[PDB]
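What follows is a set of notes on a single structure, which appears directly below.
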2 protein chains.
Amino acid sequence: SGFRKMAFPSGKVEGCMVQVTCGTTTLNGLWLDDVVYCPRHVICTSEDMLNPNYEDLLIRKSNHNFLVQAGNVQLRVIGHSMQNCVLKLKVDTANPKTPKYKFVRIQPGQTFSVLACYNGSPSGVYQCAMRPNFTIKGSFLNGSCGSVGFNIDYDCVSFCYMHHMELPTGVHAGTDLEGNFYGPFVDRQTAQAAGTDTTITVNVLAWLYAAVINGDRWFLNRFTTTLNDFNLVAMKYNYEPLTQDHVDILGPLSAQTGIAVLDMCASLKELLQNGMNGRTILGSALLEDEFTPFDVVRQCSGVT
Amino acid sequence: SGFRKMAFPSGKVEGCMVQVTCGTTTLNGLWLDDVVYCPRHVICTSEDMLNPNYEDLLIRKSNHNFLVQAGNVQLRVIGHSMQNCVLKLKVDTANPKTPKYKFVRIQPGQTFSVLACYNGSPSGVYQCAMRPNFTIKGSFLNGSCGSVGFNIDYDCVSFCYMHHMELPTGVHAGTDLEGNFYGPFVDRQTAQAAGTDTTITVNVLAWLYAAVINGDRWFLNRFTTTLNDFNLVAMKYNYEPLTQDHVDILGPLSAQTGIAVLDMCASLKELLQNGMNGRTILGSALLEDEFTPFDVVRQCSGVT
Ligand SMILES: *[C@](O)(C(=O)NC1CC1)[C@H](CCC)NC(=O)[C@@H]1[C@H]2CCC[C@H]2CN1C(=O)[C@@H](NC(=O)[C@@H](NC(=O)c1cnccn1)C1CCCCC1)C(C)(C)C
Ligand SMILES: *[C@](O)(C(=O)NC1CC1)[C@H](CCC)NC(=O)[C@@H]1[C@H]2CCC[C@H]2CN1C(=O)[C@@H](NC(=O)[C@@H](NC(=O)c1cnccn1)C1CCCCC1)C(C)(C)C
């Protein structure tokens, strides 16, 4: 028992990380098969960032302008293309350590593991959620661009995130592995507001189930509610509306604990209206929303 | 910027995990060179656990009583010895994926990465601290025994923890890789109280420095204090005494932020005496004590 913010084992990803240098800009790429993927702003000067025309900037580059370095050994770049906001650099060697993998776009409130990297060297792994406003609250320094987010779905690495930039609030934005930003962001140095951040209600309910499973029961009450009346209270505390699809995906946790989703919803209503009165749940003073129903099931049944 | 509970990349450890079976008991071992390390209670029946004589139980076992399984391929056990509470099983193959490694005993309040495993398959990585009472608040299910804790110190894996058992409070206990329990525990199914848990004061100060570095400054005040008067207030809130060695090891964070350790100590005194008044620090409502000074320096300077 116990409950931790747990990331996926990062070995399958650590063997795909490389250093990509173009001019004096060095960041990280993802070397799958015979393609190195990286943020396209690797081609930009600090002046270019103000208002880049990436097509004009990329046309001025040749294959030899890119240093791709897998550990010590230099890869030969034999071709470069642009897909949305990512560069795909063709190289002369397929990565032996290439695992089985898919590219996947995740939805607001899904979680993933970030392998934070500097100079193609993996430095750290942590778990986070795609916020409803499509930012992530990561930990990224200068040089972290091209670090990736992933899930491991039964020995298949699902890549969902490549790091591009940090907003002035200290939150993070980037793309899927086909180069489309999560959220309304563009890879240019202008003011770009993230939406209002909301609490991921389905995730909070998942974590309250995790608490019950671990014997933290004090917040259970005799009350019940409708989905409508819950969503009325939710919306007032800047919680995401809860949908029937959410209720469905909570079904398995409901079944295992024998607490109906709408009964648990009644516990959360009272917590929101009344606070925790100096109590904690799984040692937290705040309601946690970075665990999906599937994370709680995985960690509390123990899939490998 | 941003601040996350970050674990070490687990690839170097994932390549050392094996399944160890003896009778109907299956758990995890650590396969370094030509030795598989595992909890010695792998040899016990449920009846043996009440009061085992591990020497008598081990003498009744032969090399062929142990199934060591590296992924699919069965290792041949060619010799078995007992070191304190760990078994060392000699096998017929040295692990190619053996990284550079040391065995290290950590001190109360040091942090490490746990690779949680089931059936020799790595399932998850998280960061935690050795509590002052020598328990860890892990996430471990049935089958997790033999999962290991480690640090990566510049491509050298320092193994510090092997998982043995869970106390009724849902906290965890186990050994260093030479088989000595952390804390007063023994591998027997009897009542064994953990000490009083205290807050790791040096770690809280490290994290308050992390908050300043990330622009959370509201808790800084004009007051200062002596180490003595701080420790008087600390002891009352069940915080570990702060020592000059702690003040020294905080020096680098002090230098970078230009806030003397004893000035930061004055901020923490006021937080403890007055609470946070519904405010948060790095998004937490509670003071965080599972980051060492070295973790904050690593993550806020970005070593790989
Ligand atoms: C990454 O490229 C990297 O690791 N490079 C290696 C070191 C050489 C680097 C990593 C930081 C975590 N990212 C960037 O350099 C990105 C790119 C993409 C946009 C242009 C540059 C800037 N950038 C940033 O992350 C910056 N943030 C911003 O420029 C934001 N600026 C503003 O909010 C803004 C701008 N003008 C006026 C007013 N406000 C925006 C916000 C969201 C839209 C794009 C970026 C810094 C300042 C480096 C954090
Ligand atoms: C581990 O061996 C494993 O993964 N085995 C694979 C599935 C086959 C397993 C993992 C659980 C996280 N650990 C154990 O089986 C250990 C060993 C070591 C001590 C004997 C057994 C029991 N055990 C436990 O973790 C248990 N906990 C306890 O028995 C504790 N009991 C009490 O607190 C107690 C006992 N008698 C009376 C009153 N209270 C003690 C507490 C600290 C000293 C040693 C264990 C369970 C019940 C399995 C959690």
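How things are named: the first chain in the structure tokens is A, the next is B, and so on; residues count from 1 in each chain; ligands count from 1 in the order shown.
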(request) Find the residues in chain B near chain A: any atom within 9 Å counts, using only C-alpha atoms. Write them as a count of residues only. (result) 47
With 10 Å as the cut-off and only C-alpha atoms and all ligand atoms counted, what is the closest atom pair between each nearby residue of chain A and ligand 1? Distances in Å to one decimal, ordered by chain and number, as JSON lines.
```
{"residue": "A:20", "atom": "CA", "partner": "ligand 1", "partner_atom_place_in_ligand_line": "6 (C)", "distance": 9.8}
{"residue": "A:21", "atom": "CA", "partner": "ligand 1", "partner_atom_place_in_ligand_line": "8 (C)", "distance": 9.0}
{"residue": "A:22", "atom": "CA", "partner": "ligand 1", "partner_atom_place_in_ligand_line": "8 (C)", "distance": 9.9}
{"residue": "A:24", "atom": "CA", "partner": "ligand 1", "partner_atom_place_in_ligand_line": "8 (C)", "distance": 8.0}
{"residue": "A:25", "atom": "CA", "partner": "ligand 1", "partner_atom_place_in_ligand_line": "8 (C)", "distance": 4.9}
{"residue": "A:26", "atom": "CA", "partner": "ligand 1", "partner_atom_place_in_ligand_line": "8 (C)", "distance": 5.2}
{"residue": "A:27", "atom": "CA", "partner": "ligand 1", "partner_atom_place_in_ligand_line": "6 (C)", "distance": 4.9}
{"residue": "A:28", "atom": "CA", "partner": "ligand 1", "partner_atom_place_in_ligand_line": "4 (O)", "distance": 7.9}
{"residue": "A:38", "atom": "CA", "partner": "ligand 1", "partner_atom_place_in_ligand_line": "2 (O)", "distance": 9.8}
{"residue": "A:39", "atom": "CA", "partner": "ligand 1", "partner_atom_place_in_ligand_line": "2 (O)", "distance": 7.4}
{"residue": "A:40", "atom": "CA", "partner": "ligand 1", "partner_atom_place_in_ligand_line": "2 (O)", "distance": 9.1}
{"residue": "A:41", "atom": "CA", "partner": "ligand 1", "partner_atom_place_in_ligand_line": "18 (C)", "distance": 6.6}
{"residue": "A:42", "atom": "CA", "partner": "ligand 1", "partner_atom_place_in_ligand_line": "2 (O)", "distance": 6.8}
{"residue": "A:44", "atom": "CA", "partner": "ligand 1", "partner_atom_place_in_ligand_line": "20 (C)", "distance": 8.8}
{"residue": "A:45", "atom": "CA", "partner": "ligand 1", "partner_atom_place_in_ligand_line": "21 (C)", "distance": 9.6}
{"residue": "A:46", "atom": "CA", "partner": "ligand 1", "partner_atom_place_in_ligand_line": "21 (C)", "distance": 7.8}
{"residue": "A:47", "atom": "CA", "partner": "ligand 1", "partner_atom_place_in_ligand_line": "20 (C)", "distance": 9.8}
{"residue": "A:48", "atom": "CA", "partner": "ligand 1", "partner_atom_place_in_ligand_line": "20 (C)", "distance": 8.7}
{"residue": "A:49", "atom": "CA", "partner": "ligand 1", "partner_atom_place_in_ligand_line": "20 (C)", "distance": 5.0}
{"residue": "A:50", "atom": "CA", "partner": "ligand 1", "partner_atom_place_in_ligand_line": "20 (C)", "distance": 7.2}
{"residue": "A:51", "atom": "CA", "partner": "ligand 1", "partner_atom_place_in_ligand_line": "20 (C)", "distance": 9.0}
{"residue": "A:52", "atom": "CA", "partner": "ligand 1", "partner_atom_place_in_ligand_line": "20 (C)", "distance": 9.2}
{"residue": "A:117", "atom": "CA", "partner": "ligand 1", "partner_atom_place_in_ligand_line": "4 (O)", "distance": 9.3}
{"residue": "A:118", "atom": "CA", "partner": "ligand 1", "partner_atom_place_in_ligand_line": "4 (O)", "distance": 8.0}
{"residue": "A:119", "atom": "CA", "partner": "ligand 1", "partner_atom_place_in_ligand_line": "6 (C)", "distance": 8.9}
{"residue": "A:135", "atom": "CA", "partner": "ligand 1", "partner_atom_place_in_ligand_line": "42 (C)", "distance": 9.9}
{"residue": "A:138", "atom": "CA", "partner": "ligand 1", "partner_atom_place_in_ligand_line": "12 (C)", "distance": 9.4}
{"residue": "A:139", "atom": "CA", "partner": "ligand 1", "partner_atom_place_in_ligand_line": "12 (C)", "distance": 8.5}
{"residue": "A:140", "atom": "CA", "partner": "ligand 1", "partner_atom_place_in_ligand_line": "12 (C)", "distance": 5.2}
{"residue": "A:141", "atom": "CA", "partner": "ligand 1", "partner_atom_place_in_ligand_line": "12 (C)", "distance": 5.2}
{"residue": "A:142", "atom": "CA", "partner": "ligand 1", "partner_atom_place_in_ligand_line": "4 (O)", "distance": 4.4}
{"residue": "A:143", "atom": "CA", "partner": "ligand 1", "partner_atom_place_in_ligand_line": "4 (O)", "distance": 3.2}
{"residue": "A:144", "atom": "CA", "partner": "ligand 1", "partner_atom_place_in_ligand_line": "4 (O)", "distance": 4.2}
{"residue": "A:145", "atom": "CA", "partner": "ligand 1", "partner_atom_place_in_ligand_line": "4 (O)", "distance": 3.7}
{"residue": "A:146", "atom": "CA", "partner": "ligand 1", "partner_atom_place_in_ligand_line": "4 (O)", "distance": 7.3}
{"residue": "A:147", "atom": "CA", "partner": "ligand 1", "partner_atom_place_in_ligand_line": "4 (O)", "distance": 8.7}
{"residue": "A:163", "atom": "CA", "partner": "ligand 1", "partner_atom_place_in_ligand_line": "10 (C)", "distance": 7.7}
{"residue": "A:164", "atom": "CA", "partner": "ligand 1", "partner_atom_place_in_ligand_line": "13 (N)", "distance": 5.4}
{"residue": "A:165", "atom": "CA", "partner": "ligand 1", "partner_atom_place_in_ligand_line": "25 (O)", "distance": 3.3}
{"residue": "A:166", "atom": "CA", "partner": "ligand 1", "partner_atom_place_in_ligand_line": "25 (O)", "distance": 3.9}
{"residue": "A:167", "atom": "CA", "partner": "ligand 1", "partner_atom_place_in_ligand_line": "41 (C)", "distance": 4.2}
{"residue": "A:168", "atom": "CA", "partner": "ligand 1", "partner_atom_place_in_ligand_line": "33 (O)", "distance": 5.0}
{"residue": "A:169", "atom": "CA", "partner": "ligand 1", "partner_atom_place_in_ligand_line": "33 (O)", "distance": 8.2}
{"residue": "A:170", "atom": "CA", "partner": "ligand 1", "partner_atom_place_in_ligand_line": "49 (C)", "distance": 7.8}
{"residue": "A:171", "atom": "CA", "partner": "ligand 1", "partner_atom_place_in_ligand_line": "41 (C)", "distance": 9.2}
{"residue": "A:172", "atom": "CA", "partner": "ligand 1", "partner_atom_place_in_ligand_line": "12 (C)", "distance": 7.3}
{"residue": "A:173", "atom": "CA", "partner": "ligand 1", "partner_atom_place_in_ligand_line": "42 (C)", "distance": 7.3}
{"residue": "A:174", "atom": "CA", "partner": "ligand 1", "partner_atom_place_in_ligand_line": "18 (C)", "distance": 8.8}
{"residue": "A:184", "atom": "CA", "partner": "ligand 1", "partner_atom_place_in_ligand_line": "43 (C)", "distance": 8.8}
{"residue": "A:185", "atom": "CA", "partner": "ligand 1", "partner_atom_place_in_ligand_line": "43 (C)", "distance": 5.5}
{"residue": "A:186", "atom": "CA", "partner": "ligand 1", "partner_atom_place_in_ligand_line": "43 (C)", "distance": 5.9}
{"residue": "A:187", "atom": "CA", "partner": "ligand 1", "partner_atom_place_in_ligand_line": "19 (C)", "distance": 4.4}
{"residue": "A:188", "atom": "CA", "partner": "ligand 1", "partner_atom_place_in_ligand_line": "19 (C)", "distance": 4.2}
{"residue": "A:189", "atom": "CA", "partner": "ligand 1", "partner_atom_place_in_ligand_line": "20 (C)", "distance": 4.1}
{"residue": "A:190", "atom": "CA", "partner": "ligand 1", "partner_atom_place_in_ligand_line": "36 (N)", "distance": 3.7}
{"residue": "A:191", "atom": "CA", "partner": "ligand 1", "partner_atom_place_in_ligand_line": "39 (N)", "distance": 3.8}
{"residue": "A:192", "atom": "CA", "partner": "ligand 1", "partner_atom_place_in_ligand_line": "42 (C)", "distance": 4.9}
{"residue": "A:193", "atom": "CA", "partner": "ligand 1", "partner_atom_place_in_ligand_line": "42 (C)", "distance": 7.2}
{"residue": "A:194", "atom": "CA", "partner": "ligand 1", "partner_atom_place_in_ligand_line": "42 (C)", "distance": 8.0}
```
(request) Select, from B:23, B:109, B:99, B:179, the residue with the minimum atom-to-atom distance to residue 37 in chain B, counting only C-alpha atoms. (result)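 The shortest atom-to-atom distance to residue 37 in chain B comes from B:179.
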(message) Report, in Å with one decimal, the straight-line distance from CA of residue 265 in chain B to CA of residue 200 in chain B.
(response)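 Here the two named atoms are 13.2 Å from each other.
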(message) What's around residue 226 in chain A at 9 Å? Count only C-alpha atoms, leave out sequence neighbours fewer than 4 positions away in its own chain, and write the answer as a list in words.
(response)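 The residues satisfying every condition are residues 230, 231, 262, 265 and 266 of chain A.
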If you keep N, CA and C atoms, can you produce a file of those selected residues as a PDB file, in the first residue's frame?
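Ended up saving to result_0.pdb:
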```pdb
ATOM      1  N   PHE A 230     -23.740  18.389  -8.766  1.00  0.00           N
ATOM      2  CA  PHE A 230     -22.270  18.322  -8.557  1.00  0.00           C
ATOM      3  C   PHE A 230     -21.592  19.336  -9.491  1.00  0.00           C
ATOM      4  N   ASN A 231     -21.883  19.269 -10.789  1.00  0.00           N
ATOM      5  CA  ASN A 231     -21.274  20.167 -11.806  1.00  0.00           C
ATOM      6  C   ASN A 231     -21.596  21.634 -11.484  1.00  0.00           C
ATOM      7  N   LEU A 262     -21.222   8.922  -7.864  1.00  0.00           N
ATOM      8  CA  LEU A 262     -22.063  10.074  -7.434  1.00  0.00           C
ATOM      9  C   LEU A 262     -22.041  10.164  -5.911  1.00  0.00           C
ATOM     10  N   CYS A 265     -18.811  11.753  -5.412  1.00  0.00           N
ATOM     11  CA  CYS A 265     -19.013  13.152  -5.870  1.00  0.00           C
ATOM     12  C   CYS A 265     -19.570  13.995  -4.716  1.00  0.00           C
ATOM     13  N   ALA A 266     -20.453  13.425  -3.911  1.00  0.00           N
ATOM     14  CA  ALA A 266     -21.055  14.057  -2.717  1.00  0.00           C
ATOM     15  C   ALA A 266     -19.981  14.333  -1.654  1.00  0.00           C
TER      16      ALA A 266
END
```
(request) Please return as a PyMOL selection string: the residues of range 6-109 of chain A that backbone DSSP assigns to strand (DSSP E). (result) chain A and resi 17-22+25-32+35-39+66-70+73-75+77-83+86-91+101-103
Excluding range 129-133 of chain A and residues on its chain fewer than 6 positions from it, collect all residues at most 12 Å away from it, counting only C-alpha atoms, and give them as a CSV table (one decimal) with C-alpha atoms, in the first residue's frame.
```
chain,number,residue,atom,x,y,z
A,5,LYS,CA,3.4,10.2,-7.9
A,7,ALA,CA,6.6,7.8,-13.4
A,105,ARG,CA,-1.9,13.1,-28.8
A,106,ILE,CA,-3.1,13.1,-25.2
A,107,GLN,CA,-6.3,14.9,-23.9
A,108,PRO,CA,-6.5,17.6,-21.1
A,109,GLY,CA,-6.1,15.8,-17.8
A,110,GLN,CA,-4.2,12.7,-19.1
A,111,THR,CA,-0.8,12.1,-17.3
A,112,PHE,CA,2.6,11.2,-18.7
A,113,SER,CA,6.2,10.8,-17.6
A,114,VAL,CA,8.7,13.5,-18.7
A,149,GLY,CA,6.8,13.0,-22.4
A,150,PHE,CA,5.6,9.4,-22.7
A,151,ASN,CA,3.5,6.5,-21.4
A,160,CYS,CA,2.9,12.3,-26.4
A,161,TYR,CA,5.0,15.5,-25.6
A,171,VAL,CA,4.4,26.8,-16.8
A,172,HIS,CA,5.5,24.9,-19.9
A,173,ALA,CA,4.2,24.4,-23.4
A,174,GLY,CA,5.2,22.2,-26.4
A,175,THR,CA,3.9,19.8,-29.0
A,176,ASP,CA,2.9,16.2,-29.8
A,181,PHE,CA,1.3,22.6,-30.0
A,182,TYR,CA,-0.9,21.6,-27.2
A,183,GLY,CA,-3.1,24.7,-26.6
A,184,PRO,CA,-3.2,28.1,-28.5
A,185,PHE,CA,0.6,28.6,-28.5
A,193,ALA,CA,-2.0,33.9,-22.4
A,194,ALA,CA,-2.7,30.3,-21.3
A,195,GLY,CA,-6.5,29.8,-20.6
A,196,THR,CA,-7.9,29.8,-17.1
A,197,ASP,CA,-6.4,26.6,-15.4
A,198,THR,CA,-9.3,24.4,-13.9
A,199,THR,CA,-9.0,21.4,-11.5
A,200,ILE,CA,-9.2,18.0,-13.3
A,201,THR,CA,-12.4,16.8,-11.4
A,202,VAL,CA,-12.3,13.2,-12.7
A,203,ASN,CA,-8.6,12.9,-11.5
A,238,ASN,CA,-13.1,26.2,-11.0
A,239,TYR,CA,-13.4,22.4,-11.4
A,240,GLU,CA,-13.8,20.9,-14.9
A,241,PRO,CA,-17.4,19.8,-15.6
A,288,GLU,CA,-4.6,16.2,-6.0
A,289,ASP,CA,-5.6,16.1,-9.7
A,290,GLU,CA,-2.5,14.6,-11.5
A,291,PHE,CA,-3.7,11.0,-11.2
A,292,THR,CA,-6.1,9.5,-13.9
A,295,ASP,CA,-3.0,5.6,-12.9
```
(message) So the first atom is atom 4 (O, counted along the ligand's line) of ligand 2 and the second is CA of residue 148 in chain B; what is the distance between them in Å, to one decimal place?
(response) 12.2 Å
